[PDB]
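This document opens with one chain alone, in structure tokens, the form deposited in one PDB entry.
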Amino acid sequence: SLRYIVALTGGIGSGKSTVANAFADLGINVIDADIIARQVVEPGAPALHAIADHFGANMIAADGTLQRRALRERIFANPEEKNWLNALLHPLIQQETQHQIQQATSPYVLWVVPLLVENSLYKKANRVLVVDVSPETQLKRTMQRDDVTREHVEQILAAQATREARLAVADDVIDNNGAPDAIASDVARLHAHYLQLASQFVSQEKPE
């Protein structure tokens, strides 16, 4: 069957997981790109044999599991390897993402993709939701969470797509500048629309 996909994105410290949990509370299955990336290298996964062949047998632990810290460290000391690893994992991530979307039974699925704009992944979504906050909020919340400097978070902000680049591809925008609670009402309104879009998209003769 065809699943209706709502992608969710936002920059660092915007509240992507916070908003995703509110949809999950309403019964929506959430597919998270970062969890999918960890799953393709789990014990017994196909990518593990390729990784051992490329980086060395010692990239694998005693029980057959990936020495994740050792891999992260090896790629940081060999920049070209980062690209080699992403190229190997990409198709596997695409397949696993599709598998999880097909396996979700909620009316529509919420696909949380931090790199949605950077990687042009909005092309694979039926609807795009952006959780938006000011840059100051991004900085303050990340600083509090990780106990890091303003400068450290600014560097991440400058590496990510801009706020305006995310807004330019959004169908809907949810504000998360307020406190942890205006989110429920806004999520409920969006959810009610998503249920309608999902119930009608397969037969919808004309565009919106």
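Start at 1 and count along the sequence shown; that's the residue number. Under this definition, the rigid core comprises the largest set of C-alpha atoms superposing within 1.5 Å between the forms.
Of the two stretches 39-47 and 26-34, which shows the higher Cα B-factor on average in the entry?
Between 26-34 and 39-47, it is 39-47 that shows the higher mean C-alpha B-factor.
Check the entry's C-alpha temperature factors for 100-108 and 121-129, then say which stretch has the higher mean.
According to the entry, 100-108 carries the higher average C-alpha B-factor.
Looking at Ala170, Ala165, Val153, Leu66, which one carries the largest C-alpha B-factor according to the PDB entry?
Top of the list by C-alpha B-factor: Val153.
Looking at the C-alpha B-factor of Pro79, is it in the lowest, middle or highest third of its chain?
For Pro79, the deposited C-alpha B-factor lands in the highest third.
Pull the Cα B-factor of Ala87 out of the PDB entry and bin it into the chain's lowest, middle or highest third.
For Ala87, whose C-alpha B-factor we compare with every modelled residue in the chain, the answer is the highest third.
Is the Cα B-factor recorded for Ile93 in the lowest, middle or highest third of its chain?
Middle third.
Below, we refer to the form deposited in another entry, which is not included among the displayed structures.
Once you overlay the rigid core, does the Cα of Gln155 travel 2 Å or further between this form and the one not shown?
It does not reach a 2 Å shift.
Superpose on the rigid core, then tell me if the C-alpha of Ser120 is displaced by 2 angstroms or more between this form and the one not shown.
No, because once the rigid core is superposed, the C-alpha of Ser120 moves less than 2 Å between this form and the one not shown.
Does the distance between the two CA positions of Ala61 reach 2 Å or more between this form and the one not shown, the core being superposed?
Shift at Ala61: 2 Å or more after core fit.
Please check whether, in the other form, the CA atoms of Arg72 and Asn119 lie closer or farther apart than here, given a change of 3 Å or more.
It is closer: in the other form, the C-alpha atoms of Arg72 and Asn119 lie at least 3 Å nearer than they do here.
Since the Cα separation of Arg68 and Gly10 moves by 3 Å or more in the other form, tell me which way: closer or farther than here.
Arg68 and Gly10 sit closer together in the other form.
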